[PDB]
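Asker: quick one: initial chain(s) of a complex, as found there:
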Amino acid sequence: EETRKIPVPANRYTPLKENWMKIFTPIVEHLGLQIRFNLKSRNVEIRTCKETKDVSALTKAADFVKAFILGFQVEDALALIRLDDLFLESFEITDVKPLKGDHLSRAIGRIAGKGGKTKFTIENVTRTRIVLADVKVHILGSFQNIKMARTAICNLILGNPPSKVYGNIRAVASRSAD
């Protein structure tokens, strides 16, 4: 039998304590995997057992808990267990453009939008879920949809105002057999 452990940072502990029953239940019910949380090592330790139905169910679980730890909502992350092709392509915000201080803060700002509107609008059009950790952009969706989303997010951080960005991406969505 084999195992995979994934870390959890201190800012993500209290959600992992709250949502714990919503996390371990789908891991243990229809996947049939042993799961515990090592408080010493601060890792979610998941295992195979005798009750494990199939191989790669371990990998389904690994991706699920990873998604939750990155910041994705449990209901959204659950999709990784059921669906085949969903990926979390993540990149630093400073990968696209070298930005310092106040410029980076405005940069984060316009990915999000006022009331998080821009963030949600891309999530709608690209059929993805995006998460902004302070200086990281984690996106979750289909591969074609990720490559779409990474471009819109990217344009926003290298300047292009939200108004131009929506116009570009809605044309791209129309061609991709959506």
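Answerer: Yep, it's here. Numbering: from 1, shown residues only, chains lettered A, B, ... in the order given.

Asker: what ranges do the strands span in chain A?
Answerer: Ranges of strands in chain A, per DSSP state E, are A:3-7, A:34-38, A:43-47, A:87-92, A:129-133, A:136-141.

Asker: measure the residue lying farthest from the centre of chain A to residue A:178 for me?
Answerer: Each residue of chain A has a distance to the centre, and by CA atoms, centre = their mean the biggest one is for residue A:50: 30.6 Å. Going from residue A:50 to residue A:178 by CB to CB, to the nearest Å gives 44 Å. Bear in mind the C-beta positions are built from the backbone N, C-alpha and C, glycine included.

Asker: how about the strands of chain A, which one is nearest residue A:13?
Answerer: Within these, the stretch nearest residue A:13 is strand A:34-38; the backing value is 9.7 Å (CB to CB).

Asker: who touches that closest one?
Answerer: If you take CB atoms under 8 Å, 6 or more residues apart in numbering as the criterion, strand A:34-38 is touched by A:5, A:16, A:20, A:24, A:27-28, A:43-49, A:61.

Asker: What residue spans form the domains of chain A?
Answerer: Annotated domains of chain A cover A:1-82, A:83-178 [curated CATH domains].

Asker: Compute the first-to-last residue distance for the shortest one.
Answerer: From the first residue to the last, domain A:1-82 extends over 23 Å; the measure is CA to CA, to the nearest Å.

Asker: For chain A, which segments count as helices?
Answerer: For chain A, the helices defined by DSSP state H occupy A:13-18, A:20-29, A:57-70, A:74-77, A:79-82, A:102-112, A:117-125, A:143-157, A:162-175.

Asker: include chain B too:
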Amino acid sequence: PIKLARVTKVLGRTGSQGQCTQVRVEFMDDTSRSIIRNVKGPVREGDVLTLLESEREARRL
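Answerer: So, slotting chain B in with the rest:
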């Protein structure tokens, strides 16, 4: 090979003009194999279909 079908649930209307009905298909081959298919015409819950190809699966995701 020709396989007969059931209707488990009528989901919604697909198609350009709203002509196609998206329908949950149970098999009459005893298997609980639930494949979602698109039908042309009027289909109510409890209909029995004649699918030409059973290997096909309609627009999921």
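
Asker: now with chain B: the contacts of strand A:34-38?
Answerer: Contacts to strand A:34-38, defined as CB atoms under 8 Å, 6 or more residues apart in numbering or on different chains, come from residues A:5, A:16, A:20, A:24, A:27-28, A:43-49, A:61.

Asker: Using ChimeraX, make a named selection holding only the buried ones among those residues.
Answerer: To isolate the buried ones among the contacts of strand A:34-38 in ChimeraX, judged by 16 or more other CB atoms under 10 Å in any protein chain shown, type:
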select /A:16,24,27,28,44,46,47,48,61
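
Asker: can I get the contacts of strand A:34-38 in CSV with distance to residue B:59?
Answerer: CSV is the format used below for the contacts of strand A:34-38 (distance: CB to CB, whole Å):
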residue, distance to residue B:59
A:5, 39
A:16, 36
A:20, 36
A:24, 34
A:27, 30
A:28, 33
A:43, 40
A:44, 36
A:45, 39
A:46, 34
A:47, 37
A:48, 35
A:49, 37
A:61, 28
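
Asker: ok, the contacts of strand A:34-38 vs residue A:78, which is closest?
Answerer: Closest to residue A:78 out of the contacts of strand A:34-38 is residue A:27 (10.2 Å), distances taken as CB to CB.

Asker: ok, the residue farthest from the centre of chain A to residue A:150 distance?
Answerer: Computed as CB to CB, the residue A:50 to residue A:150 distance reads 42 Å.

Asker: just residue A:109 next, same as before
Answerer: For residue A:109 relative to residue A:150 (CB to CB), the value is 19 Å.

Asker: who's more crowded, those two?
Answerer: Legend: neighbour count by other CB atoms under 10 Å in any protein chain shown for residue A:109 and residue A:150, higher for residue A:150 (19 against 12).

Asker: And that one, how close does it get to residue B:24?
Answerer: In terms of CB to CB, residue A:150 sits 35 Å off from residue B:24.

Asker: next one is chain C, place it on the structure:
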Amino acid sequence: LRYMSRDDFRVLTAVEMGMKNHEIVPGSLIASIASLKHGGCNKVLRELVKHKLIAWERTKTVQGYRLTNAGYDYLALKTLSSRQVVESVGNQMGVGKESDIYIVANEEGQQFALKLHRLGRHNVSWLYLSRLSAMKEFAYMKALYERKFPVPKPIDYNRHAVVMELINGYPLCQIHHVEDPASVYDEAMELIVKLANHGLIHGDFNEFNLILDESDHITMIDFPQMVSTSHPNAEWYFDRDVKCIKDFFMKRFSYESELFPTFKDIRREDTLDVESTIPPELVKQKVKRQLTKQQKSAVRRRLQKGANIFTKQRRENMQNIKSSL
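Answerer: This next block brings in chain C, placed alongside the chains you saw above:
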């Protein structure tokens, strides 16, 4: 008719510049892009509205002018007059649904046929769709004439106008009898195979798109509907056109076919389905271009103050208020 032949060119072309970018073009913009004469263009516009050249629009805030159906027609004929193709007007006119046929005569006196596209969404889009129609039709007209086809000869295209060779006759739909039905049938059947050889299917090859010249020669017109042979239903549109002619000659002239052409030949012919260093002379030109742009920008802002309609509405209510007090 065309009497005025100076300022009318510049003003009407200036409308066409604004028509490509925006809907209704304001009178402020017109004079700036027609800088040759200043001030006296507003009386020219009042002469243009006398004819069906331009239409006035004062809805709520939008104040200006848009080009009409007939006004767009005059612009092409004015360009064809400078190319020495059109001089006088022939009166034999076949008014259709998609296009109008006008007889034109040159300097020589030789009569030619002119096609004017009348597509009839706002009128701005309708006069842009007619532009793409003529450029597409002239493209096929050049492509077929060069490749031995019995089509009218392409001469010149201007925006929506197409000048063609004058083939005078009657359409196949209004023909009672043909002296030799068999020879005409075999001629028409060859032309479907001819197009298929060049990788083309007519699509709507009927009796409504064929003209006989003295009951000897079959002439083909109207080409915006043509499709490629790479299409999945290539043989279907091929067979439908064959059966349309097969039945027609059996219906009208009572001729039964002995030859049944159903050959797929792609492609033995051309694929037509695709169809100190800087000299002072330069310094002068560059300085001139800078100085004109500074003057043109200032004239725009002077013309933008024309609002005259806003001042007229405000004055009417003030007279009513003072009298009632």
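
Asker: how much space between the residue farthest from the centre of chain A and residue A:38?
Answerer: Distance from residue A:50 to residue A:38, by CB to CB: 22 Å.

Asker: three-state assignment of the one residue sitting closest to the centre of chain B?
Answerer: Centroid-nearest residue in chain B: residue B:37, 3.6 Å away (criterion: CA atoms, centre = their mean). Recorded secondary structure, residue B:37: strand (DSSP: H, G, I helix; E, B strand; the rest coil).

Asker: Identify the bridge partners of it.
Answerer: Counting by DSSP bridges, residue B:37 forms beta bridges with residue B:23.

Asker: Could you measure from it over to residue B:18?
Answerer: Taking CB to CB, one finds residue B:37 at 17 Å from residue B:18.

Asker: check contacts around residue B:7.
Answerer: Counting by CB under 8 Å, 6+ apart, residue B:7 touches B:23-26, B:43-49.

Asker: Leaving out sequence neighbours, find the closest residue to it.
Answerer: The shortest distance from residue B:7 to any non-neighbouring residue, by CB to CB, 6 or more residues apart in numbering or on different chains, is to residue B:47 (4.5 Å).

Asker: For the one helix or strand residue C:130 maps to, what is the distance to the chain centroid?
Answerer: In this assignment (DSSP states H and E), residue C:130 forms part of helix C:123-145. On the basis of CA atoms, centre = their mean, to the nearest Å, helix C:123-145 sits 6 Å off its chain's mean C-alpha point.

Asker: and that helix, what other elements does it pack with?
Answerer: helix C:7-19, strand C:63-67, helix C:69-82, strand C:111-117, strand C:156-158, strand C:161-164 (3 or more CB pairs under 8 Å, 6 or more residues apart in numbering or on different chains; DSSP states H and E).
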